[PDB]
Each structure stands twice: as structure tokens, then as C-alpha cells.
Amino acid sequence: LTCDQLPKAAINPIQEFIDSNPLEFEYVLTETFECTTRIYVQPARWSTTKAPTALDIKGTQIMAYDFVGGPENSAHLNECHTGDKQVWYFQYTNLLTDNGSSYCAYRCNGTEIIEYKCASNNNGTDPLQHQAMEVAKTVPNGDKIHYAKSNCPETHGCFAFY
């Protein structure tokens, strides 16, 4: 299996992601998205693109990306600080169940995987999530995929932020 052959799942309407906030990452590829909370935001009233925004929050640091739909269930991200472009797909989504929400999303460079983000608001207890992670590990460079919360900083009274 190669990264280009992973499923490209249907993308839920943006409100279903917003209603899932906050999420934490369970499995990631690089160190970048360890100990990170995901927040979805609807488009600003003054946005001319009317693109929603994904926020990746790691302690007191934040990456933001406006994103629009592309071909074949792709998400086309514009990193808000640099203008850098990224193309993402979903392996699966399972939002707004009786046990909360989860999904796994990935970024390819051709046949190899270069980033992975499995998110949930149920501490990784959706059986689809571990299953998806085990499939993603089998594509080239998927060996890097690992648990995102092994050594996070201590909290100071909140639950999704530190």
C-alpha cells in the first residue's frame, strides 16, 4: 500500500467539525503535532474567501490554516503566517457519535506519507482510530507514526490547553 492509495473519505460539513471542538491528537507522524489541540473555526464575516480555519494549538503556540475543498475529497490549506500550501485527505471520519468524535487525516508526498493527524475528543477510544493508524503505518514512511501524548507538559487548571 502507498499513500496515494489510502482512502479519501467524505468530508463532513464544517459545522460537524466545529461541534466536535475541542479535539486532541492521538497519533501523529513528526514531533510537530504532539501534545496538540485542534479547534475548527467558521469563516470570518469579513473573509472574502469564506474559508473556515483549522487551529493547531501546542501550549502557547498556534498554527492556523484557512482551508477550502479541492478534488477527490481533498482539503487545501493555507498556513496563515507563511502562506504555505498543504493538501490533506481523511482516512475516515466518525463525528458526533454517542462516544464523541474521531477522525484520521493524512498528507502525502506522492507514494510516501509526510504528516499524519488522528484526532478525537474521547481519548482515542473509537476502535476505528487504532485500526486506521495500523493501516497508515503500512505506507512508505508510515513507520514514523506514533502516540502523540506520551510526555505532555503539566496542566494548570484547564483540560485542552496548557
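Heads up: residue numbers just count along the shown sequence, starting at 1.
- Higher mean CA temperature factor between 36-44 and 91-99: 91-99, per the PDB entry.
- As recorded in the PDB entry, 124-132 is the stretch of 58-66 and 124-132 with the greater mean C-alpha temperature factor.
- Split the chain's modelled residues into thirds by C-alpha temperature factor. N141 is in the lowest one.
- Per the PDB record, residue ranking by Cα B-factor puts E31 in the highest third of the chain.
- Ranked against the other modelled residues of its chain, the C-alpha B-factor of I18 as given in the entry falls in the lowest third.
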